[PDB]
């Protein structure tokens, strides 16, 4: 379990910045040899799908830790947003690398975990499930802004304002 964790953390750290990195680069960052990675993940796709699952699990833990239904909605959503942003740009990688969510099993797993965020967005309230889509869309813009080196506070403010007001105001 420790070695598996070292490998997946190294994959997160490395692929977030260098999405085409060799398995050698990932092994080195984990403090292990290539054969080690191979023993757990025979093919790159194996590693990438394990990585995705691990990232989703960390995302779900951060949601539970943020405790979205506890206390005032504004402060609660900010806790959620801050801790999702702390995952970093690996999230963009996992959602956009074509071979990852192409697996139907993993795609189904990915649909599970954000029910409490949806509750809170519902409480503070559009086609079916649109609000949920918009929230994660704003999160996506947030990850890209973080990628540009924008400070977490300003991203969180931009997301919260976008949730309540959108980005333009029509005459």
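Residue numbers count along the first chain shown, from 1.
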{"property": "Between neighbours residue 126 and residue 125, residues that the deposited sequence lists but the model omits", "result": "4 to 9"}
{"property": "Stretch with the higher entry mean CA B-factor, where the candidates are 26 to 34 and 113 to 121", "result": "26 to 34"}
{"property": "Mean temperature factor over C-alpha atoms, higher-scoring stretch between 90 to 98 and 67 to 75", "result": "67 to 75"}
{"property": "For residue 50, the third of its chain into which the C-alpha B factor falls", "result": "middle"}
{"property": "Residue 103 CA temperature factor, ranked by third within the chain", "result": "highest"}
{"property": "Record-listed C-alpha B factor of residue 43: chain third", "result": "highest"}
{"property": "Chain-wide C-alpha B factor ranking for residue 150, given as lowest, middle or highest third", "result": "highest"}
{"property": "For residue 11, the third of its chain into which the C-alpha B factor falls", "result": "middle"}
